[PDB]
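Colleague: Here you go, model04.csv (CSV, C-alpha atoms and all ligand atoms):
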```
chain,number,residue,atom,x,y,z
S,2,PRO,CA,0.0,0.0,0.0
S,3,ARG,CA,2.2,2.8,-1.3
S,4,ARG,CA,0.7,6.3,-1.2
S,5,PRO,CA,1.2,7.9,-4.6
S,6,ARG,CA,2.7,11.4,-5.0
S,7,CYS,CA,0.7,14.2,-6.5
S,8,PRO,CA,2.4,15.6,-9.6
S,9,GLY,CA,3.3,19.3,-10.0
S,10,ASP,CA,2.0,21.9,-12.3
S,11,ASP,CA,4.5,20.9,-15.0
S,12,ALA,CA,2.8,17.6,-15.1
S,13,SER,CA,0.7,16.5,-18.1
S,14,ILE,CA,-2.9,15.2,-18.2
S,15,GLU,CA,-1.5,11.6,-18.4
S,16,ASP,CA,0.5,12.3,-15.2
S,17,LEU,CA,-2.8,13.2,-13.5
S,18,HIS,CA,-4.3,10.1,-15.0
S,19,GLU,CA,-1.5,7.9,-13.6
S,20,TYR,CA,-1.9,9.5,-10.2
S,21,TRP,CA,-5.7,9.1,-10.5
S,22,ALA,CA,-5.3,5.4,-11.1
S,23,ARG,CA,-2.7,5.0,-8.3
S,24,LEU,CA,-4.8,7.0,-5.8
S,25,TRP,CA,-7.9,4.9,-6.5
S,26,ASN,CA,-5.8,1.7,-6.1
S,27,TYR,CA,-4.3,3.0,-2.8
S,28,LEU,CA,-7.6,4.2,-1.3
S,29,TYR,CA,-9.2,0.8,-2.1
S,30,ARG,CA,-6.5,-1.3,-0.4
S,31,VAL,CA,-6.3,0.8,2.8
S,32,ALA,CA,-10.0,0.7,3.2
K,3,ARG,CA,-9.6,24.7,-13.2
K,4,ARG,CA,-7.4,21.8,-12.3
K,5,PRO,CA,-7.9,20.7,-8.7
K,6,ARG,CA,-4.9,21.6,-6.4
K,7,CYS,CA,-2.8,18.8,-5.0
K,8,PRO,CA,-4.1,17.6,-1.6
K,9,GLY,CA,-0.6,17.8,0.0
K,10,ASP,CA,1.4,15.6,2.2
K,11,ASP,CA,-0.6,16.3,5.3
K,12,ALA,CA,-3.9,15.3,3.5
K,13,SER,CA,-5.8,12.6,5.3
K,14,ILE,CA,-7.6,9.7,3.6
K,15,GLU,CA,-10.8,11.6,3.5
K,16,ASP,CA,-9.1,14.6,1.9
K,17,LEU,CA,-7.7,12.2,-0.8
K,18,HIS,CA,-11.2,10.8,-1.5
K,19,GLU,CA,-12.6,14.3,-1.9
K,20,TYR,CA,-9.7,15.2,-4.2
K,21,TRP,CA,-10.0,12.0,-6.2
K,22,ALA,CA,-13.7,12.8,-6.9
K,23,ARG,CA,-12.9,16.2,-8.3
K,24,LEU,CA,-10.0,14.8,-10.3
K,25,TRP,CA,-12.3,12.2,-11.6
K,26,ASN,CA,-14.6,14.8,-13.1
K,27,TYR,CA,-11.8,17.0,-14.3
K,28,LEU,CA,-10.0,14.3,-16.2
K,29,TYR,CA,-13.2,13.3,-17.9
K,30,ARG,CA,-13.9,16.8,-19.0
K,31,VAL,CA,-10.4,17.6,-20.4
K,32,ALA,CA,-10.5,14.5,-22.6
V,1,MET,CA,-19.6,-1.5,0.2
V,2,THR,CA,-19.3,1.7,2.2
V,3,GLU,CA,-18.3,3.6,-0.9
V,4,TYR,CA,-20.3,4.0,-4.1
V,5,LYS,CA,-19.2,5.3,-7.6
V,6,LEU,CA,-22.1,7.0,-9.4
V,7,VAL,CA,-22.0,8.3,-13.0
V,8,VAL,CA,-24.6,10.7,-14.4
V,9,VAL,CA,-25.1,10.4,-18.1
V,10,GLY,CA,-27.5,12.1,-20.5
V,11,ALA,CA,-28.0,14.7,-23.3
V,12,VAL,CA,-26.6,18.2,-23.0
V,13,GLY,CA,-28.7,20.6,-21.0
V,14,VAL,CA,-31.0,18.0,-19.3
V,15,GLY,CA,-29.7,19.1,-15.9
V,16,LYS,CA,-27.1,16.5,-14.9
V,17,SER,CA,-24.9,19.2,-13.2
V,18,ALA,CA,-28.0,20.8,-11.6
V,19,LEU,CA,-28.9,17.4,-10.2
V,20,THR,CA,-25.5,16.8,-8.8
V,21,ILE,CA,-25.2,20.3,-7.3
V,22,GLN,CA,-28.7,19.9,-5.7
V,23,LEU,CA,-27.4,16.7,-4.1
V,24,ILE,CA,-24.1,17.9,-2.7
V,25,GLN,CA,-24.5,21.6,-1.7
V,26,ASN,CA,-27.4,21.2,-1.9
V,27,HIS,CA,-28.9,24.2,-3.8
V,28,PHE,CA,-30.1,25.2,-7.2
V,29,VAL,CA,-28.3,27.8,-9.4
V,36,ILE,CA,-19.9,24.2,-9.5
V,37,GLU,CA,-16.9,21.8,-9.3
V,38,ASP,CA,-16.4,22.4,-5.5
V,39,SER,CA,-17.3,18.9,-4.4
V,40,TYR,CA,-18.5,15.6,-5.9
V,41,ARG,CA,-18.7,13.6,-2.7
V,42,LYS,CA,-21.4,13.2,0.0
V,43,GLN,CA,-21.9,11.0,3.1
V,44,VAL,CA,-25.5,9.9,3.6
V,45,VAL,CA,-27.6,7.2,5.3
V,46,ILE,CA,-29.6,4.8,3.1
V,47,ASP,CA,-31.8,2.1,4.5
V,48,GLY,CA,-30.2,2.2,7.9
V,49,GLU,CA,-26.6,2.0,6.6
V,50,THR,CA,-24.2,4.9,6.1
V,51,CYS,CA,-22.4,5.2,2.8
V,52,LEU,CA,-20.1,7.5,0.8
V,53,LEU,CA,-21.1,8.7,-2.7
V,54,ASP,CA,-18.7,9.8,-5.4
V,55,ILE,CA,-20.5,11.5,-8.4
V,56,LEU,CA,-19.1,11.7,-11.9
V,57,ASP,CA,-21.0,14.4,-13.7
V,58,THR,CA,-20.3,13.7,-17.4
V,59,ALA,CA,-20.0,16.9,-19.4
V,60,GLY,CA,-19.2,17.9,-22.9
V,61,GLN,CA,-19.9,16.3,-26.3
V,62,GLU,CA,-19.6,12.6,-26.7
V,63,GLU,CA,-16.3,11.5,-28.2
V,64,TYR,CA,-14.0,8.4,-28.5
V,65,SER,CA,-11.7,8.3,-25.5
V,66,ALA,CA,-9.8,5.4,-23.9
V,67,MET,CA,-9.6,7.4,-20.7
V,68,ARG,CA,-13.3,8.3,-20.5
V,69,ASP,CA,-14.1,4.6,-21.0
V,70,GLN,CA,-11.9,3.9,-17.9
V,71,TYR,CA,-13.6,6.7,-16.0
V,72,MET,CA,-17.1,5.3,-16.7
V,73,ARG,CA,-15.9,1.8,-16.0
V,74,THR,CA,-15.0,2.9,-12.5
V,75,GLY,CA,-18.7,3.7,-11.9
V,76,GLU,CA,-20.8,1.1,-10.2
V,77,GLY,CA,-24.2,2.8,-10.8
V,78,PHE,CA,-25.5,4.9,-13.7
V,79,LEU,CA,-28.1,7.6,-13.9
V,80,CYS,CA,-29.8,8.0,-17.3
V,81,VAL,CA,-31.2,11.5,-17.3
V,82,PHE,CA,-33.5,13.1,-19.9
V,83,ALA,CA,-35.6,16.2,-20.0
V,84,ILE,CA,-39.4,15.9,-20.1
V,85,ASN,CA,-39.6,19.0,-22.3
V,86,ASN,CA,-37.0,17.5,-24.7
V,87,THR,CA,-38.1,14.6,-26.8
V,88,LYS,CA,-34.6,14.3,-28.3
V,89,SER,CA,-33.1,13.7,-24.9
V,90,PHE,CA,-35.5,10.9,-24.3
V,91,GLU,CA,-34.7,9.5,-27.7
V,92,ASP,CA,-31.0,9.2,-26.9
V,93,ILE,CA,-31.6,7.1,-23.8
V,94,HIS,CA,-31.1,3.8,-25.7
V,95,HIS,CA,-27.8,5.2,-26.9
V,96,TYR,CA,-26.4,6.0,-23.4
V,97,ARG,CA,-27.5,2.6,-22.3
V,98,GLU,CA,-25.7,0.6,-24.9
V,99,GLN,CA,-22.5,2.7,-24.3
V,100,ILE,CA,-22.7,1.8,-20.6
V,101,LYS,CA,-23.2,-1.9,-21.3
V,102,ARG,CA,-20.2,-1.7,-23.7
V,103,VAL,CA,-17.9,-0.1,-21.2
V,104,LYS,CA,-18.9,-2.3,-18.2
V,105,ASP,CA,-19.0,-5.3,-20.5
V,106,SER,CA,-22.3,-6.6,-19.0
V,107,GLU,CA,-26.0,-6.7,-19.7
V,108,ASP,CA,-27.0,-6.2,-16.0
V,109,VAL,CA,-25.6,-2.9,-15.0
V,110,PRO,CA,-27.1,-1.0,-12.0
V,111,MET,CA,-29.1,1.8,-13.7
V,112,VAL,CA,-31.9,4.3,-13.0
V,113,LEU,CA,-33.9,6.2,-15.6
V,114,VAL,CA,-34.3,9.8,-14.6
V,115,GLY,CA,-37.0,12.2,-15.9
V,116,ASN,CA,-35.7,15.7,-15.0
V,117,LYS,CA,-37.4,19.2,-15.1
V,118,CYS,CA,-40.7,17.8,-14.0
V,119,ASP,CA,-41.5,21.2,-12.5
V,120,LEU,CA,-42.1,22.7,-16.0
V,121,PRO,CA,-45.8,22.8,-17.0
V,122,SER,CA,-45.0,22.2,-20.7
V,123,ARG,CA,-44.0,18.5,-21.3
V,124,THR,CA,-43.3,16.6,-24.5
V,125,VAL,CA,-42.7,13.1,-23.0
V,126,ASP,CA,-45.4,11.7,-20.7
V,127,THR,CA,-44.7,9.6,-17.6
V,128,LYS,CA,-46.3,6.5,-19.0
V,129,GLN,CA,-44.1,6.5,-22.1
V,130,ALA,CA,-41.0,6.7,-19.8
V,131,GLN,CA,-42.2,4.1,-17.4
V,132,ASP,CA,-42.8,1.6,-20.2
V,133,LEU,CA,-39.2,2.1,-21.4
V,134,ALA,CA,-37.7,1.6,-17.9
V,135,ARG,CA,-40.0,-1.4,-17.3
V,136,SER,CA,-38.5,-3.1,-20.4
V,137,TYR,CA,-35.0,-2.5,-19.1
V,138,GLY,CA,-35.9,-3.7,-15.7
V,139,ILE,CA,-34.7,-0.4,-14.2
V,140,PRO,CA,-36.5,2.0,-11.8
V,141,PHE,CA,-37.9,5.3,-13.1
V,142,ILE,CA,-38.0,8.4,-11.0
V,143,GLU,CA,-39.2,11.9,-12.1
V,144,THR,CA,-37.0,14.6,-10.6
V,145,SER,CA,-36.7,18.4,-10.4
V,146,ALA,CA,-33.4,20.0,-9.6
V,147,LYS,CA,-35.1,23.4,-9.4
V,148,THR,CA,-37.6,22.5,-6.7
V,149,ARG,CA,-35.2,19.8,-5.2
V,150,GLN,CA,-38.0,17.3,-6.0
V,151,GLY,CA,-37.0,13.6,-6.1
V,152,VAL,CA,-33.3,14.5,-6.4
V,153,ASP,CA,-32.2,12.4,-3.4
V,154,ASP,CA,-34.7,9.7,-4.4
V,155,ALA,CA,-32.9,9.3,-7.8
V,156,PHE,CA,-29.4,8.8,-6.4
V,157,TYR,CA,-30.5,6.7,-3.4
V,158,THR,CA,-32.5,4.3,-5.6
V,159,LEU,CA,-29.4,3.9,-7.7
V,160,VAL,CA,-27.6,2.9,-4.6
V,161,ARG,CA,-30.3,0.3,-3.9
V,162,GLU,CA,-29.8,-1.1,-7.4
V,163,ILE,CA,-26.1,-1.6,-6.6
V,164,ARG,CA,-26.8,-3.3,-3.3
V,165,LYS,CA,-29.2,-5.7,-5.0
V,166,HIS,CA,-26.5,-6.7,-7.4
H,201,LIG,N1,-37.0,23.9,-14.4
H,201,LIG,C1,-35.9,23.1,-14.2
H,201,LIG,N2,-34.8,23.6,-14.8
H,201,LIG,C2,-33.6,22.8,-14.8
H,201,LIG,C3,-33.7,21.6,-14.0
H,201,LIG,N3,-32.4,21.0,-14.1
H,201,LIG,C4,-31.7,21.9,-14.8
H,201,LIG,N4,-32.4,22.9,-15.2
H,201,LIG,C5,-31.9,24.1,-16.0
H,201,LIG,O1,-31.1,23.6,-17.1
H,201,LIG,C6,-30.0,24.5,-17.4
H,201,LIG,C7,-28.8,23.7,-17.8
H,201,LIG,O2,-28.8,22.4,-17.2
H,201,LIG,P1,-27.4,21.7,-17.0
H,201,LIG,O3,-27.3,21.2,-15.6
H,201,LIG,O4,-26.2,22.6,-17.3
H,201,LIG,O5,-27.5,20.4,-18.0
H,201,LIG,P2,-26.2,19.4,-18.2
H,201,LIG,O6,-25.6,19.6,-19.6
H,201,LIG,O7,-26.7,18.0,-18.1
H,201,LIG,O8,-25.2,19.7,-17.1
H,201,LIG,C8,-29.8,25.2,-16.1
H,201,LIG,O9,-29.7,26.7,-16.3
H,201,LIG,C9,-31.0,25.0,-15.2
H,201,LIG,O10,-31.6,26.2,-14.9
H,201,LIG,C10,-35.0,21.2,-13.4
H,201,LIG,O11,-35.1,20.1,-12.7
H,201,LIG,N5,-36.0,22.0,-13.5
H,202,CA,CA,5.5,14.1,-17.4
H,203,CA,CA,4.0,10.2,-16.8
H,204,CA,CA,-11.3,15.9,-26.9
H,205,CA,CA,-10.7,11.6,-28.1
H,206,MG,MG,-23.2,20.1,-17.1
```
Written as structure tokens, that's how I'd like the structure from this file.
Ligand SMILES: Nc1nc2c(ncn2[C@@H]2O[C@H](COP(=O)(O)OP(=O)(O)O)[C@@H](O)[C@H]2O)c(=O)[nH]1
Ligand SMILES: [Ca+2]
Ligand SMILES: [Ca+2]
Ligand SMILES: [Ca+2]
Ligand SMILES: [Ca+2]
Ligand SMILES: [Mg+2]
Modeller:
Amino acid sequence: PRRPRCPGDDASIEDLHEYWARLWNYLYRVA
Amino acid sequence: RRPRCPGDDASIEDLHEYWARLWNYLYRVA
Amino acid sequence: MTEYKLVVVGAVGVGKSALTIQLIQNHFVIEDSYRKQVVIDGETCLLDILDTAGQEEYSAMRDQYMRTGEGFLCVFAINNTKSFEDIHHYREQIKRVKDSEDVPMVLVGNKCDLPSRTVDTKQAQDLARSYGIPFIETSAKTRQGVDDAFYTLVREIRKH
């Protein structure tokens, strides 16, 4: 259960998509 | 209009709230 | 399931955003929040709402976003026949993404506060009855049946 790191402002949409997928996975396993 | 990062001090609830806003944002910018 | 993913689909201008806003805030006129904690049938639950906006397009990411949803609201306007016509379209798209025939779904007839209607309640009931999904007429303006629509969708998920 590794908490993902939120990308900066330089990040692309794909970067947010990756973080979106990682966050969902993290929140699911910790719950 | 991109949701700000929750931060390192953000709790699980704060992450859930952010994820929901990110969910709608990512859909809309597609 | 203490957490529920709900996606609101429908034609442009039927009031999907107004329905979400009148669920979260909850008032009638916002990307401030898409999350609410409520109690349904004696059990508390968290609701995440995806308010689909913009024209329909091919998108691998949008497919993934919809696939995340466990329940779907199919919203049309009673004063818009064309919005009711496209209901079959949104349904097939949902079944395509979820890769299933039995997807938790609720047919929503919005703007029922308006005196001038183009689609009657019976014609909408017969459509939902053929799909096997519930049908609730809502009004974001008067906050009529708004909670009823989302909460019934939660029931549909619980049954499956
Ligand atoms: N009378 C009435 N008007 C509504 C209702 N829901 C939405 N509207 C109106 O529809 C307009 C646009 O709806 P909108 O939420 O943007 O549609 P969307 O494209 O699905 O997000 C708003 O200005 C609202 O005033 C309703 O239940 N009753
Ligand atoms: Ca990058
Ligand atoms: Ca990357
Ligand atoms: Ca596009
Ligand atoms: Ca595209
Ligand atoms: Mg909208």
Colleague: Throw together the list of residues within 9 Å of ligand MG 206 (chain H), counting all atoms listed in the file, and drop it here as a PyMOL selection string.
Modeller: chain V and resi 12-18+57-60
Colleague: Would you kindly identify which residues have an atom no farther than 7 Å from (-7.4, 19.4, -13.5), using all atoms listed in the file and the file's own coordinates, and write them out as a VMD selection string?
Modeller: chain K and resid 3 to 5 24 27 to 28
Colleague: List as JSON, numbers by chain the protein and nucleic acid residues lying within 9 Å of ligand LIG 201 (chain H), with only C-alpha atoms and all ligand atoms counted.
Modeller: {"V": [8, 9, 10, 11, 12, 13, 14, 15, 16, 17, 18, 19, 20, 21, 28, 29, 57, 58, 59, 60, 81, 82, 83, 115, 116, 117, 118, 119, 120, 144, 145, 146, 147, 148, 149, 150, 152]}
Colleague: With C-alpha atoms retained, write the just-selected residues as an mmCIF file, in the frame of the given file.
Modeller:
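After the write, result.cif holds the following:
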```cif
data_model
loop_
_atom_site.group_PDB
_atom_site.id
_atom_site.type_symbol
_atom_site.label_atom_id
_atom_site.label_comp_id
_atom_site.auth_asym_id
_atom_site.auth_seq_id
_atom_site.Cartn_x
_atom_site.Cartn_y
_atom_site.Cartn_z
ATOM 1 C CA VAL V 8 -24.600 10.700 -14.400
ATOM 2 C CA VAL V 9 -25.100 10.400 -18.100
ATOM 3 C CA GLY V 10 -27.500 12.100 -20.500
ATOM 4 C CA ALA V 11 -28.000 14.700 -23.300
ATOM 5 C CA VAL V 12 -26.600 18.200 -23.000
ATOM 6 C CA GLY V 13 -28.700 20.600 -21.000
ATOM 7 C CA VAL V 14 -31.000 18.000 -19.300
ATOM 8 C CA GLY V 15 -29.700 19.100 -15.900
ATOM 9 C CA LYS V 16 -27.100 16.500 -14.900
ATOM 10 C CA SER V 17 -24.900 19.200 -13.200
ATOM 11 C CA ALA V 18 -28.000 20.800 -11.600
ATOM 12 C CA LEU V 19 -28.900 17.400 -10.200
ATOM 13 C CA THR V 20 -25.500 16.800 -8.800
ATOM 14 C CA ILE V 21 -25.200 20.300 -7.300
ATOM 15 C CA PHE V 28 -30.100 25.200 -7.200
ATOM 16 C CA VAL V 29 -28.300 27.800 -9.400
ATOM 17 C CA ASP V 57 -21.000 14.400 -13.700
ATOM 18 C CA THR V 58 -20.300 13.700 -17.400
ATOM 19 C CA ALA V 59 -20.000 16.900 -19.400
ATOM 20 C CA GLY V 60 -19.200 17.900 -22.900
ATOM 21 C CA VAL V 81 -31.200 11.500 -17.300
ATOM 22 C CA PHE V 82 -33.500 13.100 -19.900
ATOM 23 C CA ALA V 83 -35.600 16.200 -20.000
ATOM 24 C CA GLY V 115 -37.000 12.200 -15.900
ATOM 25 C CA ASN V 116 -35.700 15.700 -15.000
ATOM 26 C CA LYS V 117 -37.400 19.200 -15.100
ATOM 27 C CA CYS V 118 -40.700 17.800 -14.000
ATOM 28 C CA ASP V 119 -41.500 21.200 -12.500
ATOM 29 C CA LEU V 120 -42.100 22.700 -16.000
ATOM 30 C CA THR V 144 -37.000 14.600 -10.600
ATOM 31 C CA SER V 145 -36.700 18.400 -10.400
ATOM 32 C CA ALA V 146 -33.400 20.000 -9.600
ATOM 33 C CA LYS V 147 -35.100 23.400 -9.400
ATOM 34 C CA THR V 148 -37.600 22.500 -6.700
ATOM 35 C CA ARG V 149 -35.200 19.800 -5.200
ATOM 36 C CA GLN V 150 -38.000 17.300 -6.000
ATOM 37 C CA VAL V 152 -33.300 14.500 -6.400
#
```
Colleague: Rounded to one decimal in Å, what is the spacing between atom CA of residue V:136 and atom CA of residue V:154?
Modeller: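 Pair atom CA of residue V:136 / atom CA of residue V:154 returns 20.8 Å.
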Colleague: Can you build me a table of chain V residues sitting at most 9 Å from ligand CA 204 (chain H), with the closest atom pair per residue and its distance in Å to one decimal, using only C-alpha atoms and all ligand atoms, sorted by chain and residue number, as a tab-separated table?
Modeller:
```
residue	atom	partner	partner_atom	distance
V:61	CA	H:CA204	CA	8.6
V:62	CA	H:CA204	CA	8.9
V:63	CA	H:CA204	CA	6.8
V:64	CA	H:CA204	CA	8.1
V:65	CA	H:CA204	CA	7.7
```
Colleague: Could you please take those selected residues and save C-alpha atoms as a PDB file, keeping the file's coordinate frame?
Modeller:
```pdb
ATOM      1  CA  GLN V  61     -19.900  16.300 -26.300  1.00  0.00           C
ATOM      2  CA  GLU V  62     -19.600  12.600 -26.700  1.00  0.00           C
ATOM      3  CA  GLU V  63     -16.300  11.500 -28.200  1.00  0.00           C
ATOM      4  CA  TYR V  64     -14.000   8.400 -28.500  1.00  0.00           C
ATOM      5  CA  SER V  65     -11.700   8.300 -25.500  1.00  0.00           C
TER       6      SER V  65
END
```
Colleague: Within 12 Å of chain V, which residues of chain S show up when using only C-alpha atoms, listed as a list in words?
Modeller: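 In the required form, that comes to residues 14, 15, 17, 18, 19, 21, 22, 25, 26, 28, 29 and 32 of chain S.
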Colleague: Residues of chain V within 6 Å of chain K, counting all atoms listed in the file, what are they? List them as a ChimeraX atom specification.
Modeller: /V:40,56,68
Colleague: Contacts between ligand CA 202 (chain H) and chain S, please, where a residue of chain S counts if it comes within 8 Å (with all atoms listed in the file); show its shortest atom pair and distance in Å to one decimal, rows by chain and ascending number, as a tab-separated table.
Modeller:
```
residue	atom	partner	partner_atom	distance
S:11	CA	H:CA202	CA	7.3
S:12	CA	H:CA202	CA	5.0
S:13	CA	H:CA202	CA	5.4
S:15	CA	H:CA202	CA	7.5
S:16	CA	H:CA202	CA	5.8
```
Colleague: Expressed in Å to a single decimal, how great is the separation between atom CA of residue V:42 and atom CA of residue V:4?
Modeller: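 One can read the atom CA of residue V:42 to atom CA of residue V:4 distance as 10.1 Å.
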Colleague: Between atom CA of residue V:113 and atom CA of residue V:73, what distance in Å does the model show, to one decimal?
Modeller: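 Atom CA of residue V:73 lies at a distance of 18.5 Å from atom CA of residue V:113.
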Colleague: Between V:66, V:109, V:133, V:79, which one has atoms that come closest to ligand CA 205 (chain H), using all atoms listed in the file?
Modeller: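 Among V:66, V:109, V:133, V:79, it is V:66 that comes nearest to ligand CA 205 (chain H).
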Colleague: Counting all atoms listed in the file, which residues come within 12 Å of (-43.3, 9.6, -23.7), with the point read in the file's coordinates, and could you list them as a ChimeraX atom specification?
Modeller: /V:82-91,93,115,123-134
Colleague: How about saving the chosen residues, C-alpha atoms kept, as a tab-separated table (two decimals), in the coordinates of the input?
Modeller:
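selection.tsv was written with the following content:
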```tsv
chain	number	residue	atom	x	y	z
V	82	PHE	CA	-33.50	13.10	-19.90
V	83	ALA	CA	-35.60	16.20	-20.00
V	84	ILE	CA	-39.40	15.90	-20.10
V	85	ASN	CA	-39.60	19.00	-22.30
V	86	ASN	CA	-37.00	17.50	-24.70
V	87	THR	CA	-38.10	14.60	-26.80
V	88	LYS	CA	-34.60	14.30	-28.30
V	89	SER	CA	-33.10	13.70	-24.90
V	90	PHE	CA	-35.50	10.90	-24.30
V	91	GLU	CA	-34.70	9.50	-27.70
V	93	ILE	CA	-31.60	7.10	-23.80
V	115	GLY	CA	-37.00	12.20	-15.90
V	123	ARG	CA	-44.00	18.50	-21.30
V	124	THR	CA	-43.30	16.60	-24.50
V	125	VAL	CA	-42.70	13.10	-23.00
V	126	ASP	CA	-45.40	11.70	-20.70
V	127	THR	CA	-44.70	9.60	-17.60
V	128	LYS	CA	-46.30	6.50	-19.00
V	129	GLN	CA	-44.10	6.50	-22.10
V	130	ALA	CA	-41.00	6.70	-19.80
V	131	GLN	CA	-42.20	4.10	-17.40
V	132	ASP	CA	-42.80	1.60	-20.20
V	133	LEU	CA	-39.20	2.10	-21.40
V	134	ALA	CA	-37.70	1.60	-17.90
```
